[PDB]
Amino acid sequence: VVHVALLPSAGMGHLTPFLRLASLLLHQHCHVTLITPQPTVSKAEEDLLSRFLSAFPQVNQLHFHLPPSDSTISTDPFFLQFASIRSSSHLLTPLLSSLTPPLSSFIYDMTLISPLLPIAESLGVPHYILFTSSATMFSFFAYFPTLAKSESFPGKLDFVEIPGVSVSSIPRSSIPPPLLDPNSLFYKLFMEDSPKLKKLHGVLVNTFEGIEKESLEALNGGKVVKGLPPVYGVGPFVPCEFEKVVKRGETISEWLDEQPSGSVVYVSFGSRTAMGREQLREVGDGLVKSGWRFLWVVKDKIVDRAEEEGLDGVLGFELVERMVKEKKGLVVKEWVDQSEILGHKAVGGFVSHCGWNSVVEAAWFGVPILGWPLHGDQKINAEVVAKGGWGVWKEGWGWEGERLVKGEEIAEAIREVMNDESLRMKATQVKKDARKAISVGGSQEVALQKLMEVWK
């Protein structure tokens, strides 16, 4: 009996790939202990966890209760759990060592590598990180101590050239701004965590050769960093049935059934809102001006804090009236089944902030992407898609809040992506490779067996 322990970080962007990896390991007949930091931050995490545990009642949920963290750096509830874990991870050792059956391996989130590395070494089992973003973004993370020691860093630097990765030249404009400030916490965490990769037994990435061939080969051939552990491309993590909410109104699917094939552009900027009010108006104005059918999924401005503000409060009355007249667009404020949407033949395009889970899903369903990266890794992820030729993004729009992107710019970008058959044909090729990756003898099965060979 192979026993694997899993510890995701906070946020749907981390919990979703971890529960999909858990599903993959259960199919390989592993016994899975899912470590759950408590109290969980968001309701969406609560609901997905209960839906997951219901679908797989054989998995053992180990509750990891966290004392309250009071930090002067940030009040964000997601950051405060992260602060709790790296100050109170000593509590995990008794819960993990005194555990039956004996653990065979430990897989935790890459963001928790500093607190969890001594915990894993005290358990004496093969331990790994699951990185929830692209292999190209991981290459940047692994290369960062080398990059920060250059005299070009930070002012002179124009392009970051990491040997052999899928994005050969990363401009300074695509680097997350805090990583250019040696005084930022982000910079400090990268400089502390990246050298610890050598202590790991391996790195798991939700990616496949069909989208990141160069980055995966560069990471595994000692090209990016000397002494890196093996990097396992175990993607794509395909959506699972337990994610689907049990009782949905079906009205979104019923609306998609009434549109022509490839007619609808789907817009989602991620699990949470990272976009200001003035920019959100311009988004709705751009969708109406584009002339294309659209399904725009918006989130609550603050997580789990609903408001009575109308859609004309956000977008303005005339924009809303023109929308209901032309009959071409839906705007919903809810947690949708994004896989049901991307898998529908009426959807011909995806306006995405390029969070990596949404990028892999679009690859799985062969939907071309109009990238609107906002923060963090998203500009690097968007260029991974652009390099593959199944997506496009406007590098001049900037990080979120740098400038106001007008509705006419947005409409012209939408019309560009929705009319480009070259992007659609390349996305269909990416989809074919994504389907091959999870077939029998495909890259995902090969990579999983290579992991399972050590465990037992």
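Sequential numbering from 1, following the sequence displayed.
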For 414 to 422 versus 33 to 41, entry-based mean Cα B-factors point to 33 to 41
Please work out which of 89 to 97 and 208 to 216 has the higher mean CA B-factor as recorded in the PDB entry.
89 to 97
Highest recorded Cα temperature factor - choice among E340, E383, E250, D109:
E250
Going by the deposited entry, which of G155, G270, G349, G235 has the highest CA temperature factor?
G155
Would the CA B-factor of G11 place it in the lowest, middle or highest third of its chain?
middle
Based on the entry's values, in what third of the chain does the Cα temperature factor of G407 lie: lowest, middle or highest?
lowest
Chain thirds by Cα B factor, record data; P182 belongs to the highest
Temperature factor at the Cα of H375, chain-ranked in thirds, falls in the lowest
Name the third of the chain's ranked CA B-factors that contains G286, choosing lowest, middle or highest.
lowest
